[PDB]
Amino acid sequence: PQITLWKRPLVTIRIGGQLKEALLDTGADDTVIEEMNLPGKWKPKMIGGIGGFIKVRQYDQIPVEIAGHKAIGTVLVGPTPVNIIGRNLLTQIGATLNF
């Protein structure tokens, strides 16, 4: 679909058999999801954005469905105000910026 930016580009995603709202973020290199239990092992990691660095759990090869479109990649779980779908997954579903 074609999404305008008058409102936050929030879409429903399915991760770990659970439905959640996530923000399509072209400014984010990675995908950061709120605290939740995801199957498989995880490795401690640190990422940084506008107001500093945070500690996150890194889960690899996690299947994520974004608006019916499939993607399998790295998902970071940590303290975030909103679920963020970054460029690592956006590229998998062929998302592009147009104007």
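Each residue number is its position in the shown sequence, starting from 1.
When the Cα temperature factors in the entry are averaged, is it 31 to 39 or 54 to 62 that ends up higher?
Here the higher of the two C-alpha B-factor means belongs to 31 to 39.
Tell me which of 1 to 9 and 90 to 98 has the higher mean C-alpha B-factor in the deposited entry.
Result: 1 to 9.
Ranking the modelled residues of this chain by C-alpha B-factor as given in the entry, is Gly73 in the lowest, middle or highest third?
As the PDB entry reports it, the C-alpha B-factor of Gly73 lands in the lowest third of its chain.
How does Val82 rank on Cα B-factor within its chain, lowest, middle or highest third?
Middle third - that is where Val82 ends up once the chain's C-alpha B-factors are sorted.
Among all modelled residues of this chain, ranked by Cα B factor, put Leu23 in the bottom, middle or top third, i.e. lowest, middle or highest.
Lowest third - that is where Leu23 ends up once the chain's C-alpha B-factors are sorted.
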